[PDB]
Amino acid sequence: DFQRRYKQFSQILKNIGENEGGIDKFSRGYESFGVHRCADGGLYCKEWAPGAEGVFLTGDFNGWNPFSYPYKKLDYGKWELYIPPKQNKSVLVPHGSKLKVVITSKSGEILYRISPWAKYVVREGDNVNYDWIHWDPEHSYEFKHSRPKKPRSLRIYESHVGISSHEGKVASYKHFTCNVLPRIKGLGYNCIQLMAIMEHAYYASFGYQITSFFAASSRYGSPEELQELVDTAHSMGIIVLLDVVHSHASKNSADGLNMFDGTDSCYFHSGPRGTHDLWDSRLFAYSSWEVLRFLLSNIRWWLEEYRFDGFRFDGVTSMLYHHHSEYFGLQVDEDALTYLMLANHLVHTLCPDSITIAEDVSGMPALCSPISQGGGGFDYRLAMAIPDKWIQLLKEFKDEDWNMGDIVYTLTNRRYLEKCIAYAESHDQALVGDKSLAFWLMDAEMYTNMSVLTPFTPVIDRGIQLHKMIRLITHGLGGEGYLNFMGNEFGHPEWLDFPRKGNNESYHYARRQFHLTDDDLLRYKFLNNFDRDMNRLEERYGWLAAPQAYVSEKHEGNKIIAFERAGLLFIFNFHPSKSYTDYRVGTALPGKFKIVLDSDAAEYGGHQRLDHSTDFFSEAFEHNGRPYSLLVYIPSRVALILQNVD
């Protein structure tokens, strides 16, 4: 029940007001928790560690003396320490040097921890654990550019910084900034979804095993270099979203958030409930006031310090249903959902133009509706049914048996007030044990016939053609936003895989062969050219922000799908062999229609059969529930977008 959820949110928010002075003040914990050089040269420190017997600071700066700097036990399980400034006015904890919090347990155990609030952590050489590096650089980065105007419609480039080069190594923030952003802009994307930024010790977790929640991952470079990346993306008109992983945490205790104060509670729930058996991860105790301070402050942190334009919250389904659309009727974890409501509230009160996206597979209603209505407050959900339908079709059905009605139903079956992000394939489908669309479509011929020096075989023909069309149907019909994972826009060959046991720390597939699209002797350029033109076209006409399409034809015999959105006329011939010569298509208004996009074009790897100068007229002639009709010529496996120029 939604009246209850909102009464509950309102009560917790009211308390944050009466006890912490508002959610703004509340979410600024990072200003005192942690380690801070003060303006007077001393060092102020603070932790939450309710099960600790004692808390201490140690590191290079004091010769790893475990107990010479003990914190004072405060009310509510918190601890604070202030080291006086040195008489000789020199720095107490030098920039770049190592620290550790020391926790003494009820058992008399001596624990070494990285601060839950740590800015920066580095793994040195062949070491097992991460070190906590004090970060007090001489020159902080000054942001020089303002937020881009809020985009009418989101065209999202899903990105991972480490793999963004052709080299089998962890690529850098700097590399990304100089060499990848310009590419993302050139393609017509107006938003970047930045994966794997929150610190994670295990690279092959694809960024999902968080060890330090406030740390910009050190893999790629320094905190300053991330800021520059974000600042630079803004200068180019591109907005940047962060993957927020607040659904679970790595079981690491040496350099992770687990067992911080020697307990299995603290930031997490005690008992089996507080562990995620399949992910082997800890689960936050969202009911706990300090866990709300931590997570909400984390959101504020990413907003203020790195100037992100929004967030995608990963693992929302687990947050709601970990205890357990066959999801109707299940009991939701209202603690988790209240946190998400508070998060969204915070993000949108600080800036209404900020964007949040939920990764939720359950399709729970009201996740994307207003908080005042008992909803989660997300702007967007990912449309996860769509990648499934393409996989199903390609795996289980000859082309002659594809159902247009099923395709139209899956892409348009949406809740009217929920904006969602449509994409044709996920980052998960790009991984080792899986198949990409390009590979589903082309299998082994992807390694033999992607060169313009080889025959344009029927396999490669079909592959090139369907790749474009699947993307375009998804892009025009599927949602209120589009997403594309790094490389899939030009049909990147092979697969993605990270260094791990299973491959002897191989970086060989941990990269992106971006050069493939710059090679004129290869055929990737075709897929790439189409992507760029697809996005520039939407930028001009704005079909993502338009109401749902009016589907005029979902014809199973001819395999034709035709619809209107934002006034444009979309026509798909999915037939594996037949082409159509005087094919009548319904239209809303009469007049002269012209091709504005044609997948048969040569620059797209098409067959170049259409004359774009031919005028298409729709006269008053009723067809398929439309008051007007035009006649078009449309080949097998071609998509057309026609505009009314009257």
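Residue numbers run from 1 along the displayed sequence.
Asks: Between residues given as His324 and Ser325, how many of the deposited sequence are not built: none, 1 to 3, 4 to 9, or 10 or more?
Replies: A long stretch, 10 or more residues, is missing between them.
Asks: Comparing 120-128 with 264-272, where is the mean C-alpha B-factor higher?
Replies: Per the PDB entry, the higher value belongs to 120-128.
Asks: Tell me which of 82-90 and 163-171 has the higher mean C-alpha B-factor in the deposited entry.
Replies: For C-alpha atoms only, the mean B-factor is higher in 82-90.
Asks: Using the entry's values, work out which of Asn258, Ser105, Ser217, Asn179 has the largest Cα B factor.
Replies: Largest recorded C-alpha B-factor: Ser105.
Asks: Please work out which residue in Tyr507, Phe514, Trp390, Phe311 has the highest C-alpha B-factor recorded for this crystal structure.
Replies: Within the set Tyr507, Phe514, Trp390, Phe311, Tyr507 shows the top C-alpha B-factor.
Asks: Among the chain's modelled residues, which third holds the C-alpha B-factor of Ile23?
Replies: Lowest third, going by the recorded CA B-factors of the chain.
Asks: Within this chain, which third does the Cα B-factor at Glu489 fall in: lowest, middle or highest?
Replies: Tercile = lowest for this residue's CA B-factor.
Asks: Relative to the other modelled residues in the chain, which third contains the C-alpha temperature factor of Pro365: lowest, middle or highest?
Replies: Within its chain, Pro365 is a highest-third residue by C-alpha B-factor, going by the deposited values.
Asks: Looking at the entry's B-factor column for C-alpha atoms only, identify whether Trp440 ranks in the lowest, middle or highest third of its chain.
Replies: CA B-factor rank for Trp440: middle third.
Asks: By the recorded C-alpha temperature factor, relative to the other modelled residues in its chain, which third is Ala620 in?
Replies: Within its chain, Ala620 is a highest-third residue by C-alpha B-factor, going by the deposited values.
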